[PDB]
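Residue-level listing of the chains:
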Protein chains: 2
Amino acid sequence: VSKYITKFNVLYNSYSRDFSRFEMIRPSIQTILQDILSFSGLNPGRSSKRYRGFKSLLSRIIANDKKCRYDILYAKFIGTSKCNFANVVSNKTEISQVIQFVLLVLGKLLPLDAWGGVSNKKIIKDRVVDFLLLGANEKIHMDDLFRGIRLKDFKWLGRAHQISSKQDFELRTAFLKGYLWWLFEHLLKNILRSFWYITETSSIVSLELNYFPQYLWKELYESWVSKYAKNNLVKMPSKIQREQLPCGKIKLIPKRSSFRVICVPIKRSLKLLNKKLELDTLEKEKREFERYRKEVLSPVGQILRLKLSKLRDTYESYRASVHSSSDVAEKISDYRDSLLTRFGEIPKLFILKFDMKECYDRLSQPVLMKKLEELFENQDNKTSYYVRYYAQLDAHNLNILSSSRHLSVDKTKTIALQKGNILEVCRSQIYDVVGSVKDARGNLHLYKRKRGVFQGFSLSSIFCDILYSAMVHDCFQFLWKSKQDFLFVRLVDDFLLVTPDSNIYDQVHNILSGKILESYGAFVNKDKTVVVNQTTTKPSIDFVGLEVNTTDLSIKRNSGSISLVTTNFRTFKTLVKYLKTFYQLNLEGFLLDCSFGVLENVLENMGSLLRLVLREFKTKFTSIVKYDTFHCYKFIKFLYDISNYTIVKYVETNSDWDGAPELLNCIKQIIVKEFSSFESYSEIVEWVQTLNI
Amino acid sequence: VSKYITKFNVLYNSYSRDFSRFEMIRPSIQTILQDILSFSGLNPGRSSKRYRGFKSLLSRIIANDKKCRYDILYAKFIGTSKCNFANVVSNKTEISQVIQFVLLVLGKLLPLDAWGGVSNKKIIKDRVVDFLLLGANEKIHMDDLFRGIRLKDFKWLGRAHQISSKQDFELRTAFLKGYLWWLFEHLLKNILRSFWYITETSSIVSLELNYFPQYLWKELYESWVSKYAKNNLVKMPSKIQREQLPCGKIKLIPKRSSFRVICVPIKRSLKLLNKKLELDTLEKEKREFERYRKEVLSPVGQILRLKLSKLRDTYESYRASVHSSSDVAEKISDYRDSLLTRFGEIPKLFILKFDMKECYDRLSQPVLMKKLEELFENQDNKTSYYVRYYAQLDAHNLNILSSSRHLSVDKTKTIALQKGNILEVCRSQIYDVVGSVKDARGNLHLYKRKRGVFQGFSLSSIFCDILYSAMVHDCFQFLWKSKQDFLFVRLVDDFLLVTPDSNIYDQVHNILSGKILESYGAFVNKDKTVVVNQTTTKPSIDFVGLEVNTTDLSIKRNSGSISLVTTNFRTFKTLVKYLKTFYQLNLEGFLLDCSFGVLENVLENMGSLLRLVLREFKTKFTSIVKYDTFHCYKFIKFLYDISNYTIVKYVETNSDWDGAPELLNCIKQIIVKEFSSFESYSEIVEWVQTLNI
């Protein structure tokens, strides 16, 4: 009794396959029956004969499993294809093909009475098709799986063919839920991991999953690892598995045509992982890894962010290193307002956008270590920083004190670390980190970092932030001495320069042309550098999900945002709360800023966001209104809050009430258009037209 | 429709006095009886004989008033003293003398039956002694005044001497409530204004009042006005009282040995005030003045602050103009952190503290107008700024939209003003303001500004801020071009410079020596300028109520804060709410700063504030627990929030958890000491000792 149907049990399953043998149903009937019984909570006695029919049904299901030649079926329908090493992502079978094949195996596996009649057979098929199209661990409430399924057609649930007593119905329904649960959690998942290697995509926008066939995955994995190894990794002998070093598993996550190398730290020790489950020390090691995170890795990460924040408060040069796209827009919006105040109108702009190739991979570790020590260049080796982790004090309702009248798992205990220990931890995470590679036979093939640091370790993210901010400070030190009329900002490896001064623009470009940045682990992607310099007319330039208009600097976010939105939201109240949060989060000040005449653009930005959520609600409304009860008045209150939020934030982020009355009518016109057809929105149209300031 | 007992009716009453005649009770008995009846709400008929006893009592009281030689009584007990023009503040009679004399006149005026028996006579005397110690109009709710007064002893309230019927008790209580109100609002106020001129003191820390005798007041008033007139004012003819100009009364507020000139705007029109009470238009004029503030002065004031905020966000020079002592401390702490970050240890500091003589009085209006126009130097004469006043939108729960389902006097309507109109309003408030002077006979004596602007007008406070910030921006423009290692900050007329660079330090002082700043309305107090420059050893320098220690920049607030604290708080819930706000507001980071070894100092600073509020609560507890009900658990909730606030703010304003466990125990030990005696605090001691992190 916890969650429901989740997909991470299917992710990242790699096994060499002998299709000649494969059995979908490996465990014994009694063990499978016990698992179904455990899920259903049923505890029958020794003399119960109800599940005799179920036991017979499984035997046929297993019987089809034994007499299925899976190798020919996969090759005949999906087909065996030669590996395409140039484009890794093309090797995956498309989700349309995946659906047609999983149904085929089930059709040969399950006889008609297993499906529970013809009518429920089609209903189950629709549910399976829905399941394959989940996404980022998108788990579905089980009660939607059973909705619409006729209990009568499942004649094997009990000895009687007629449901007569109150107890008879309850047992059949309870057992049926487990049987459906076993079909999806155990049978379907086993099938999915027996044909494909299921991996998450690298896109933070698209949460779709990629189904790489297992035989193709090994060829893809070997080619990319070998190519990556010769440029970033050094192979190590078998003797390195005998000491204490940080370690993690190496995985490949596709982009659009390439992979990204990541190293997920393991919850074990280097001396182990050979593997020996041992049943008991596997959890003690999990605590040992967890206790390492709680009072070593996390306090170091929190203190390092504390050290960086101290620099940010001091130097304006470090202030240019933001940490989100939202921060980038605000500085651009703030910089645009500076031009208007000082000049009246926005002058000509010289724009410079560039990025860094493989910032984590091409990183220079020896330089990083030197800058880490320069953070602590003043204090001695014995300083002893005392820190305690709380959710609101890293990079509200803060109840720290317990006492006997309030706040009565972990209890958050303070941690003390001194200067000498901290620096060695960084050295361990930079040089001593070891990655694991599995070959055809599954041997060691242990590798160590050659150039930079492994992605996915906790301190890796802050290490790049510390080093790159430091690089900007001294390489571009001319900018922050006798500063005048420029905007320089970086997120992680994406850099933007805006300035009306041509000569200063050349100086930054001169730095890019030179190899000065190559001293650090920064290498300029010369093939993806945009430029405006009074000769190319580019009114719109896209940087990081932002359409910034040249010569007015209005900022309009593109389609970089996504509604979650079906998963975890089935109630109207739950969906509304996310939608209200989602709308407010994405309705930022720069979109509503109307210092210029850009009010039509603001309406376009508001209209795109307002219509995205309202149309999303209607799409979910027709499917969840079947069982849930819709309260018209409460939805009206939700409409009032967001409309008020748009009005208040526009006024707050514009320093004037000019144009406020006109903004409200645009919101009202959108609402009436969307909600004029359905009769359930009869009150909504009447009420919305009265919204007045 | 009435609140309670208010004190502004007594402030600022000046009249030449002929004590030979004076009557405390000038109005007739019937009018006095009506005033009590109107306050009590009683509406007797023509044949009612209930109030016959009261009329007889007044005749004796008035008979004593005529048969009282008031001139000799003041001279024999308080005494007539020669005026001391050198020290103005010494002329006030101390409150100890004031209390002893007001009771004396009451004793000769009121016979025993007026006081309502022996038992109530002392109770009334205690209230009068309590009454004189008000403060900034800190007058007390009536229900506290009547509490404990025995109705039986007031035997003259009705013809019957025994209370028998339900109506008889109510009428006596209602009439007694009115009778008490007339004693304080009419008689006691008349006595206070017939012997002393009651004025607020100039200290923003101490809200104590000074009681200047009226006969001495005229001599003091004439001398200071004439000296001030010859340096800042031009007298005007009687013909100026015939047009529409802003106007206000002129009042003198002592400092330590001199006065500060203020001009309180009147709630009337210039064509009036001759004076003609007229009974009805005095309120129509009151609305007319109020409506001018709501949709003219305030929209101008809000928009003017908006323009300043635009400059503050843009220029670092304008950023130096903070608005509170809290901002000053934060900049010093931030600057101190900058010194540690860049140098390791805090280096030698060159400190410069100076102030401006008569900043508002010696202000230069013609220069002020030029900077006002430079605010609107870009836009044309027809811009039309739209503003709307909301409590959260000047220098949350913002429900702006009304609609037909929600939020259904004034309705807060938007105001539009153009460029030309706004500037003329500022000109009206600067040059056209006319002050009023009352002489011995009460004639015109009308004056207009010659040099600067009058204190106390709403736009005056922001006008100085606009000009002074503008003056800093260009006069010290060298500082904010090629900036390096300095801290410059001003509040209103107090300026501070801290820098380790000798060359930059001399340049600022060179400006002070020269007359460049004399172009504006700034005149440096050369006799009150502190300096540190490797030649003067000044470890401690006081700026604005802050003792900043040289060569470590630690900040320790002195006794500049005060609890309000009795006024507006009678409920336990109300008192707790102010105390929680007061503790959090005054517990600032610098008091909790433990960057140095000053951890014991932090505990003393925390202890001084913690004991200040807890002891204040106990003092109020014994008097308000009589009627209000004390909930121990709710008070514990108040204790938890402040203790949690101290812990979080100390950690936040120290970037470390060092000393946090010891700070909590210091708080715990203070609480047990304060609340160990009273039995009602039995739960408090048990709970506090369990307070743990």
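Residues numbered from 1 in each chain as written, not as in the entry; some residues may be left out. Chains lettered and ligands numbered in written order. Heavy atoms only, no water.

- Its PDB record attributes the structure to X-ray crystallography, giving the resolution as 3.45 Å.

## A closer look at the overall build of chain A
Here is step 1 of the chain: Looking only at helices and strands, chain A features 22 helices and 16 strands.
Here is step 2 of the chain: Going through the 693 residues of chain A one by one, you find that 49% of them count as buried.
Here is step 3 of the chain: For chain A, the accessible area works out to roughly 34600 Å², and carbon and sulfur atoms hold 52% of it.
Here is step 4 of the chain: Side-chain charges of chain A comprise 105 positive and 74 negative groups, with the mean position of each set lying 10 Å from the other. (Helix = DSSP H or I, 4+ residues; strand = E, 2+ residues; numbered from the N terminus. Buried < 20%, exposed > 50% of the residue type's maximum accessible area, 1.4 Å probe, protein only. Areas by Shrake-Rupley, 256 points an atom, 1.4 Å probe, with all protein chains shown as cover. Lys, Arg positive; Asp, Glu negative; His and termini not counted. Charge placed at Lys NZ, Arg CZ, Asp CG, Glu CD.)

## Things to note about the packing of aromatic side chains
Here is step 1 of the chain: Counted according to the given criterion, the structure contains 103 aromatic pairs over all chains.
Here is step 2 of the chain: For the ring pair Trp480 of chain A and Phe488 of chain A, a centre distance of 6.2 Å and an interplane angle of 80° mean the geometry is edge-to-face.
Here is step 3 of the chain: With 6.3 Å between their ring centres and 20° between their planes, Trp657 of chain A and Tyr390 of chain B make a pair best called stacked. With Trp657 of chain A in the loop between helix 20 (632-652) and helix 21 (660-674) and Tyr390 of chain B in the loop between strand 7 (385-387) and strand 8 (415-417), this residue pair bridges two chains. Here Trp657 of chain A and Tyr390 of chain B have matching classes, each one buried.
Here is step 4 of the chain: Connected via pairs of aromatic rings, a cluster forms that spans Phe19, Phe22, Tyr70, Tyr74, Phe101, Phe195, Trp196, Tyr211 and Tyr215 of chain A.
Here is step 5 of the chain: Lying over the aromatic face of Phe523 of chain A, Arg362 of chain A brings its terminal NZ or CZ to 5.5 Å of the ring centre.
Here is step 6 of the chain: Sitting above the plane of the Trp657 of chain B ring, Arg388 of chain A keeps its charged end 5.2 Å from the centroid. (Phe/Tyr/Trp six-rings, centres within 6.5 Å; stacked < 30°, edge-to-face > 60°. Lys NZ or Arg CZ within 6 Å of the ring centre and 35° of its normal.)

## A short note on the relation of the copies chain B and chain A
Here is step 1 of the chain: Mapping chain B onto chain A calls for a screw motion: a turn of 178° about the axis and a shift of 0.1 Å along it, with 1.6 Å RMSD after fitting. Classification of the inter-copy transformation places it as that of a two-fold axis. Considering only C-alpha atoms, the residue of chain B closest to the rotation axis is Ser482 of chain B, which sits at 1.9 Å.
Here is step 2 of the chain: The overlap is high: 90% of the interface residues of chain B also sit at the interface in chain A, so the same surface is used on both sides. (Least-squares fit on C-alpha atoms. Contact = heavy atoms within 4.5 Å.)

## What about a nonpolar patch on the surface?
Residues and elements named next belong to chain A.
Here is step 1 of the chain: A grouping of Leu277, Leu279 and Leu282 is seen on the molecular surface, where their side chains present a nonpolar patch of about 330 Å² in accessible area.
Here is step 2 of the chain: In this fold, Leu277 is placed in the loop between strand 5 (259-265) and helix 10 (281-314).
Here is step 3 of the chain: Residue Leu277 is classed as exposed on the basis of its relative accessible area of 57%. (Patch = residues over 30% accessible without salt bridge, like charges linked within 9 Å, V, L, I, M, F, W, Y side chains within 5 Å. Salt bridge = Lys/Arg side-chain N within 4 Å of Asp/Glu carboxyl O.)

## Description of the sheet that holds strand 15 (residues 546-549) of chain B
All names here are of chain B.
Here is step 1 of the chain: Taken together, the three strands give an open sheet; going across it, the order is 14-15-16, and neighbouring strands pair in antiparallel fashion. The open sheet is flanked by strand 14 (540-542) and strand 16 (555-557), the only strands paired with a single partner. Strand after strand, the sheet turns through a mean of 25° between neighbouring axes, direction not considered.
Here is step 2 of the chain: Together, strand 15 and strand 16 form the strand contacts of helix 12 (residues 325-343), whose direction differs from that of strand 15 by roughly 10°. (Pairing = 2+ DSSP bridges. Axes fitted to C-alpha atoms, helices over the stretch in contact; angles between N-to-C directions.)

## What to know about the interface of chain B and chain A
Here is step 1 of the chain: Each side of the interface is counted separately: chain B has 51 residues, and chain A has 48 residues.
Here is step 2 of the chain: Between chain B and chain A lies a buried interface of about 4500 Å² when both sides are counted; carbon and sulfur atoms form 58% of it.
Here is step 3 of the chain: If you sort the residues of chain B by the area they bury against chain A, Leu401, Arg405 and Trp657 of chain B come out on top, with a joint share of 17%.
Here is step 4 of the chain: There are four salt bridges connecting chain B and chain A. (Buried area = accessible area lost by both parts, 1.4 Å probe.)

## Structural notes on the domain arrangement of chain A
Here is step 1 of the chain: You can read the domains of chain A as domain 1 (29-200), domain 2 (291-391 + 412-549) and domain 3 (561-688).
Here is step 2 of the chain: For domain 1 of chain A and domain 2 of chain A, the distance between their C-alpha centres works out to 49 Å. (Domains from an automatic or database assignment.)

## Details of the pattern of salt bridges
Residue and element names in this part refer to chain A.
Here is step 1 of the chain: Applying the stated criterion across every chain yields a total of 65 salt bridges over all chains.
Here is step 2 of the chain: Ionic pairing is found between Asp593 and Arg336, a salt bridge with its closest N-O pair at 2.2 Å.
Here is step 3 of the chain: Residue class for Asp593 comes out buried when judged on its relative accessible area of 11%.
Here is step 4 of the chain: Here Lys371 ties to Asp474 by a salt bridge, and the two come within 3.6 Å at their closest N and O atoms.

## Observations regarding the sheet that holds strand 16 (residues 555-557) of chain A
Residues and elements named next belong to chain A.
Here is step 1 of the chain: Spatially, the three strands line up as an open sheet ordered 14-15-16, and their pairing is antiparallel. Strands at the two margins of the open sheet, each flanked by one partner only, are strand 14 (540-542) and strand 16. In this sheet, neighbouring strand axes are inclined to one another by 25° on average, regardless of whether the strands run parallel or antiparallel.
Here is step 2 of the chain: The pairing of strand 14 with strand 15 (residues 546-549) spans three bridges and is antiparallel. Following the sheet pairing, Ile541 is matched in strand 15 by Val548.
Here is step 3 of the chain: On the sheet, helix 12 (residues 325-343) packs against strand 15 and strand 16 and is oriented at approximately 10° with respect to strand 15.

## As for the environment of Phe569 of chain A
Here is step 1 of the chain: If you trace the backbone, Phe569 of chain A turns up in the loop between strand 16 and helix 17 (572-586).
Here is step 2 of the chain: Taking the C-alpha atoms as reference points, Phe569 of chain A and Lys620 of chain A, separated by 51 residues in sequence, lie 9.2 Å from one another.

## A closer look at the packing of helix 4 (residues 95-109) of chain B against helix 8 (residues 166-193) of chain B
Residue and element names in this part refer to chain B.
Here is step 1 of the chain: Closest axis-to-axis distance for the helix 4/helix 8 pair is 11 Å, and the angle between their directions is 125°. When the axes of helix 4 and helix 8 are compared, the pair comes out oblique. The way helix 4 lies across helix 8 gives a crossing that is right-handed. The segment helix 4 lies against helix 8, with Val102, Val105, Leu106 and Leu109 engaging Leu187, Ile191 and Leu192.
Here is step 2 of the chain: Tallied by class, the residues present in the contact of helix 4 with helix 8 amount to seven nonpolar, no polar and no charged. (Parallel < 35°, antiparallel > 145°, perpendicular 65-115°, else oblique. Left-handed = near helix turned anticlockwise from the far one by under 90°. Nonpolar A, V, L, I, M, F, W, Y, C, P; charged D, E, K, R; others polar.)

## Quick word on unusual backbone geometry
Here is step 1 of the chain: Between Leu564 of chain A and the following residue, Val565 of chain A, the backbone shows a cis peptide bond with an omega angle of -20°.
Here is step 2 of the chain: Located in the positive-phi region is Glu278 of chain A, a residue other than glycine, with phi close to 60°.
Here is step 3 of the chain: Within the fold, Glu278 of chain A resides in the loop between strand 5 and helix 10.
Here is step 4 of the chain: Relative accessible area serves as the criterion here: at 43%, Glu278 of chain A is assigned to the partly exposed category.
Here is step 5 of the chain: In this structure, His445 of chain B takes a positive phi of about 55° despite not being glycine.
Here is step 6 of the chain: Among the secondary structure elements, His445 of chain B is positioned in the loop between strand 9 (434-436) and strand 10 (446-449).

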